[PDB]
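One chain comes next, on its own, written out as structure tokens in the form deposited in one PDB entry.
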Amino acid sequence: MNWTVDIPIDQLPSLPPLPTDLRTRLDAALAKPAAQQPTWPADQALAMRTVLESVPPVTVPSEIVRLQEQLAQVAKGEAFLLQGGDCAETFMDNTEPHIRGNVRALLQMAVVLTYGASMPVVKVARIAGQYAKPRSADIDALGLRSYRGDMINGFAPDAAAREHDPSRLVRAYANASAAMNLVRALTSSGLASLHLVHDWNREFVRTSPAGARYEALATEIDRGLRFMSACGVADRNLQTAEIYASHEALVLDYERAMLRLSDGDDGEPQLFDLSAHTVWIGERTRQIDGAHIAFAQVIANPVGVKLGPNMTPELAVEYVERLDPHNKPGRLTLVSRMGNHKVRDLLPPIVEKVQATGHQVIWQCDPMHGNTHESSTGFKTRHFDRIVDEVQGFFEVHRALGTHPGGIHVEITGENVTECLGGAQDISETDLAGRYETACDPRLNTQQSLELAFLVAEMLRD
């Protein structure tokens, strides 16, 4: 009588274990200390991991190999990386309309960035697994154990909901696989048709308060599309697009259980994390001798590491030597998150020192996480202008060094939320209370996220 349904779990499948040699390596890596982990019983975690070891994967190795090839092109300055989605996915909002809205928002941004960059845009959603977060404080403002994301505990402000529940590992997988199934369906459908997506962009221009500002570029894009059609271009590639899946690799119980061995028809068999295509390590879990970095070493997926204002050029180089030991362009993405007031100063010496190693990382801008403040109305928020300005500074840093501004990583949604201040809608502190729906950080709403794409497209054209 709690209005919840229990779904029984079975670990019946008989599947061979991972090879002894790879397990031996994995065990040695996971013996390292791991920050920010859930505190549930080991016996229960083991049982859940055992279930997840036998489930169909979310992604397959050939997709990850294909992504790696596309990311190598980004690292070489021949493509641009767009990564975006919810700050925190919730099980409650993991619905068709919400997923479709986020996929749509990403695609809308991508066509604008493609035109502005004059090169392919690799589209990576924060989706199908972004269910876990780190917490700075053990006790939140309400005197409760902190919400850690839906893979660990519940958002609701009650004690029972905040207890760490290892059954969530399986609920997370169910939600991730369901979302990924839909993302695949949507991208191979008309939704990712280039003409349809740009029609939405055209509507945005009509009805945005600053639409006059973006009308020139929008018209130019439309004339570019029309030109393709006029040139008799095969329409086949226009109809569908590839959207990859990503999340912060935080809960090692989940990530380790989703490891699979590739079939070895591409090269040599090895460990892939098939919970996603690519994952990144967060600022609070990137300890150089910690388990997260060690885990990222062992897997074959492309990986990223968040770099905040305390980053040194020397530590950045250590990440490069640990995580890109074979010098594979695009294998490693370094995600700069410095604050708009600091990026121009702190980023250049890191870029210089890393470039001198001879490795080719992707330099990606996260203009969100270094630009967060609390409004006077109590809401955790970010100003659009500061977000835009960090990307601007990021481009200036790279332009001065002759290096590639390789992409952005943003928190966005297709919803008309009121979470970030500013944009052409001029969202105010007062407005924030209307639709502040994020379970964690403030997201750019659908209009703000498209406006950012127009602005970044202009930076690319400069």
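For every residue, the number given is its place in the sequence shown, counted from 1. Between two forms, the rigid core is defined as the largest C-alpha subset superposing within 1.5 Å. Shifts are known only where both forms have a C-alpha.
Another form exists, deposited in another entry; not displayed. Remarks below refer to it.
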Against the rigid core, a Cα displacement of 2 Å or more between the shown form and the other one applies to just one of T90, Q287, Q355, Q239. Which? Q239
Comparing against this form, do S118 and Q239 have their CA atoms pulled together or pushed apart in that other deposited form? The difference is 3 Å or more. closer
Between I64 and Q239, do the C-alpha atoms lie closer or farther in that other deposited form than in the shown form, with a difference of 3 angstroms or more? closer
Given a rigid core superposition, which stretches of at least 3 residues have all Cα atoms displaced by 2 Å or more between the shown form and the other one? 1 to 9, 15 to 21, 234 to 240
